[PDB]
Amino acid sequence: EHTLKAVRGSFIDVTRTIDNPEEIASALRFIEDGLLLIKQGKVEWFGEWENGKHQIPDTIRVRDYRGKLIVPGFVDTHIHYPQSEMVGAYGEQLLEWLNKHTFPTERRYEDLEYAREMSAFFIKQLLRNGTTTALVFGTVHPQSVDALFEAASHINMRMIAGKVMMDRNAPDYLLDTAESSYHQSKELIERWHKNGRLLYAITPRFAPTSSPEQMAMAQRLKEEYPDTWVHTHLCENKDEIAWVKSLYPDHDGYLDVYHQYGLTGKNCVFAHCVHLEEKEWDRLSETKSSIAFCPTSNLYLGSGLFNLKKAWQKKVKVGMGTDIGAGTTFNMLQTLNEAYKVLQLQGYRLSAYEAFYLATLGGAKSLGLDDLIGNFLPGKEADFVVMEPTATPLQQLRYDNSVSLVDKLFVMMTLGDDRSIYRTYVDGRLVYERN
C-alpha cells in the first residue's frame, strides 16, 4: 500500500511498441547494473542503480539478483486450460485430433473437484515457466472457468479467460445451447470481468461447433459488453476451412463468418491463421484484429507454417501462444525456438530482438495490455521473471562464451526451458521460486 520494494540486477525490456522489426533495436533497453523500485504492485522507478539507489531508505534490503537476467513476464496469447494432461500419439490432424483427444480430455473438467485441482496446477505451470499473463481457453462448463479465475485471483494475476461456446458437432457431454451459453457467459462476465486484474473473453471454440443462434449470442454478448475480449480459432487446417465453407456457404470465407457476426475488431484474437487469403489478411488489418501465432502445435499437427513476414507487411498485431494441449510445452523460450525453426523453413530470419519483443511487449500489444504490462516503464504492473542463463551445463558453456546481447538472447532462446526460470514475481510479489 505504501511500502517500497527494491530489486537490483541486469534487466532487458523494450521501451515502446513498434511497427516493423527493424525498429526493435532502437527500442530495446539493456541495463547491466539496473534497479527496479516497486510500490503497490506497480513499477515506481526503473533505471540505472547509480541514478536511483539514493531513493532506497536505509531500512530496506534490496533483492539482489545480480548475475541473473530480469525480463518482463512472458505473455501467452493462446493456451487451453483444460488440456495440460493431453497426449496425442497417433499423429492425427486437427479434426480427428479434436474428436479423439481434445474432447475426451476436456470432459474430465466437468468435475469441479478436478477443475479445482487442475486450475492450481495450471497456474503453477505458467509461473514455473515465467508466463505472467495469458489469454486462456476455458471449458464449456462455467464452474470450471470459475475455478480457473479463483486460482488466478489468489495471486492477483492478470489473465484473460472465458467460457467456451459450442452447441453443435461435438459429443453431448461437451455441448451447451445458444441460450445457456449466453446466460452462463453473462454470469461469468458480471462475476469476473474487471475483477481485480482479471478479464473476460467471449470464447466460441470455432465456427464449426457453434450454430448460427450461438454465433448471434456471441455477437449479442459483444454488443452488451463492448470492453470484453473475443477469442477464437481461425484457419488452422485446410480441412477445417473446407468444413466451415460447407457449414456457412453464404459467407465470404472463414473469417467472414466472424466478421458478419461482429466478432472482429480491437481485442479480438484469432489463433493460428495459417491459411489466409488476401481477403482475410486485409480484413484482420483494417479491423485491427490480433493473431495468436502458435508454432509448436502447428508443427505437431502438421497444420502448416504461419507467415510472420506477411503479418508484418500487413501491419497485423501478432502474439505468441503455446496452444498447450496440442503444443507440448508451457515455456515461452521454447515456443520462440520453434517459431525460429518455422520461420527458417520459410526463409524468414527471426532476430533475437524480434523474438524477445514478441514474447513480451509485442504479445501484450496484441492483447491490448501494452499500457499495463510488457516492460519496466513507471506505472506498469510489476510482473517479471528472474532468469538464470547458466542453469544447465551446455547453456552455461554457451552463455560463458556470449559477450553481446544478441548472443545472450539467442542462447536463452535456443537452450532455455523451465530450469532457466529462477523466480517469478506477479503484482510485485514473489509467487514462484525454482529452489
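Note that residue numbering follows the sequence shown and begins at 1.
Look at the C-alpha B-factors of 425-433 and of 2-10. On average they run higher in 2-10. Note on 172-180 vs 133-141: mean CA B-factor is higher in 172-180.
Between the residues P295, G196, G91, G362, the entry's highest C-alpha temperature factor is the one at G91.
Comparing the C-alpha B-factors of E354, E277, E117, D76 in the entry, the top value falls on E277.
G47: CA B factor in the lowest third of modelled residues in this chain (values from the PDB entry). Ranked by C-alpha B-factor against the other modelled residues of its chain, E240 falls in the highest third. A201: CA B factor lies in the lowest third for its chain, per the PDB record. Per-chain ranking of the deposited C-alpha B factor places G374 in the lowest third. In the deposited entry, the Cα temperature factor of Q83 sits in the bottom third of values across the chain's modelled residues.
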